[PDB]
Amino acid sequence: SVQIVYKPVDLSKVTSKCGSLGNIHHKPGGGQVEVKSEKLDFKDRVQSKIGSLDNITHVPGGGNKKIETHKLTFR
Amino acid sequence: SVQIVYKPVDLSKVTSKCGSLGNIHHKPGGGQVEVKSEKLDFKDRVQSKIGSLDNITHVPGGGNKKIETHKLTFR
Amino acid sequence: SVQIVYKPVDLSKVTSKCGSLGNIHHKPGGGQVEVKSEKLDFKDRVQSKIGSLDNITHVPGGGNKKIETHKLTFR
Amino acid sequence: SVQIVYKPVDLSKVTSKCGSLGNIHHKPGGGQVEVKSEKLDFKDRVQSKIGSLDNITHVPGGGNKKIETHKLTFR
Amino acid sequence: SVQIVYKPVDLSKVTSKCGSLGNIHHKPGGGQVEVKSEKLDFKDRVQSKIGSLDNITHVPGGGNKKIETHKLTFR
Amino acid sequence: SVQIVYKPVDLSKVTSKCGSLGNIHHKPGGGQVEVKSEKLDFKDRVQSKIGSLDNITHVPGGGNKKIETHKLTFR
Amino acid sequence: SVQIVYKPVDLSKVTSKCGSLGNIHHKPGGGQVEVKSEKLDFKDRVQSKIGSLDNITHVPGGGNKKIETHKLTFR
Amino acid sequence: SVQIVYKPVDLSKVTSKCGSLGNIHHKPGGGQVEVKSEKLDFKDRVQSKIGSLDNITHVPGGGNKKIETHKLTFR
Amino acid sequence: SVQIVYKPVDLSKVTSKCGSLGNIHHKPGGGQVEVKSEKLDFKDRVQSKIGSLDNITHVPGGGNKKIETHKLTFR
Amino acid sequence: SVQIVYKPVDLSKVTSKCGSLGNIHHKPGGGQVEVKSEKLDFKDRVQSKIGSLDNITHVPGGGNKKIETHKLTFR
Amino acid sequence: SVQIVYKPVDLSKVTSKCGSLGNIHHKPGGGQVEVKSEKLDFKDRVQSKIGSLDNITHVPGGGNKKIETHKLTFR
Amino acid sequence: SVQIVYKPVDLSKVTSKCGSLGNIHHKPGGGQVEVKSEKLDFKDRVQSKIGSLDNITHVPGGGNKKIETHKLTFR
């Protein structure tokens, strides 16, 4: 005398694709680099780098959440 | 005497595509770089870089949420 | 004597595409670069860069939300 | 009393680039194809094809010649 | 009393690049194909094909000749 | 009283690059294929094929000749 | 109550006659031939012939087709 | 109550006659031939012939097809 | 109540005659031939012949097809 | 004291060519011939001929005579 | 004391050419011939001929004579 | 004390060519012949001939005579 047919269907396809992806870098070339320093004074913290060709992918992001609560109640 | 059919169908395709994607960089060239520093004084914190060719993908973003509650109640 | 047919169908296509995407960079060339500094005094924090050809994709954004509450009740 | 200085310099760059080159074909999609043939008759030679998506690069050409004769004589 | 210097310099860069080259074909899709042949009759030679997605590079061409004679004579 | 300096320099760089080369085919997909044949009569030679995804590089070409004769004579 | 007579008569004399046919050549004389070649040079393909008398009959053509469907139907 | 007489008569005389046919060549004469070659040079393919008299019949052609389908149907 | 007579008569005389046929060559004469070669040079493939008289009959062609069908059908 | 040199040279080319020579008679046709004769009387010798086509070559002539004498007498 | 040099040279080319020589007769046609004779009386020798086509060559003549005498007498 | 050199040269080539020679008679046709003779009377010798086609070559002539005499007489 009561029929309950709780029959939800989920095919949802939550997707994330982040950073250097599916690319061609055929023949990249860094140039020649020279750094000359004589009588530098630093009173405080130094961060530095020197290079010619840098290729960098960082990607802090690209995360996913699925929250999917299902409830049925009767009385 | 009572029939409840609860048959929702979800095919939702939540998608994120972020950063350098599907590109051609055929023959990118960095030029020659010279840095000459003589008699410099820094009273405080220093950050620097010296490159020639830099390729960079950062992507802090591109995240997904699906929040998807399903409820049926009877009395 | 009562029939309820809760039957929503979802094919929602929530999509994000962000940054350098599907591009051709054939033969980009950075110029020759020289920096000369003699007697610079810095009283406070310094941030710098030197390069010839920089390619940068940042993308802080491009995130998605799908919020999808489904409810049925009876009495 | 006689000085001959035969000194030709050649940097000739004879180049050929032929057919589908450096292209992006993102998402080409062939249609559905049906061929129905009932009661046919062929008295002579038959050539056929049935595709949906064909990508073809032929290039019979694109060849190079450099013809470079160098002569010096004396008497 | 006679000086002959015969000093030709060749850096010639004869080059051929032929057929599908440096391309992206990201997501090419063939459609569905049906061929129905009932009551056919062929009195002479038959050639056929039935594909869905075909990718073809032929390149009969793209060949090179460098022919480059050098002569010095004296008397 | 006679000086002959026969000093030719060759750096010539005859090059051929032929066929499917440096490409990305990221996710190519052939479609479904059906061939139905009932009461076919072939009186003469038959060549056929059936497929779904074909990738073909043929390259009859792309050959090189370098022919480079050097002669010096005296009397 | 129905008489069908199908009595086609074919007497056709389809004929082809090609090349040197039904000739007299009485006393054809080739003359004296001399070729002197001193200091020749050929960078590419050579085809030659040297002779006093040639009587050459080629005939690539001269073929025949008869195509002759006959049909009778009743109901 | 039905009479079908199907009585086609074919006497057809499909004929091909090709090349040097039914000729007199009485006293054909090639003359003296001389070839002198001193200091020749060939970089690529050579085909030659040197004779006094040639009588050459080639005939790539002269073929026949007869195609002659006969059909009677009743119902 | 139904009489079918199927009496096709084929006396067809499909014929081919190719090449040097039915000829008289009474007294053909090749002359004297001389070939002198001193200081020749060949960098690639050579095909040659030297002769006084050639009587060459080639005939690549001259073939026949007869292709015939006879259908009688009743119901 | 006496020299006699009797040294005649005879190259004489005495030649005869008579009758049906070097012809083509291709398709010569004699017509129908009929003779009817009821009650004829012949009182003397009869010579008679009937026929459709005649190709008579008779040649009672065409002969050669060479009458030659060589005499040396001395005293 | 005496020299006799009797040295005649004879190149004499005595030639005859008579009758049907070097012709083409293509398609010569004789007509229909009919002869009817009731009650003729012949009181004398009969020579008679009936026919449609004749190609008679007779040549009673065309002969050659060379009467040659060479005589040397001395004293 | 006396020298006799009797040294005649004979290369004379007495030649005869008579009758049907070097012809083609390709497709010569004699027609139909019929002769009818009811109540004919012949009172003397009869010579008679009937036939469709005749190709008579008779040649009573065409002969050669070479009468040659050599005499040397001395005293």
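Read from first to last, the chains carry the letters A, B, C, D, E, F, G, H, I, J, K and L; within each, the first residue is number 1.
Convention: a residue touches a chain if its C-beta (ideal position, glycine included) is under 8 Å from a C-beta of that chain, and two chains touch if they have at least 3 such contacts.
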item	value
Pair joined by more contacting C-beta pairs (G-K or J-L)	J-L
Pair from H-L, G-K or J-L with over half of its contact pairs in common with E-F	J-L
Centre distance in Å when subunit A and subunit F are each reduced to the mean of their C-alpha atoms	41
Length of the line joining the C-alpha centres of subunit D and subunit G, rounded to whole Å	37
Subunit J and subunit K: spacing of chain centres that average the CA atoms, whole Å	5
For subunit B paired with subunit G, centre-to-centre distance based on mean C-alpha positions, whole Å	75
Sites on subunit D at which at least two other chains make contact	10, 22, 24, 26, 30, 32, 43, 52, 59, 63, 67
Residue ranges of subunit G in contact with subunit H within the complex	1-75
Residue ranges of subunit L touching subunit I (in the complex, touch as defined)	22, 24
Subunit I residues within the subunit L interface of the complex	24, 26
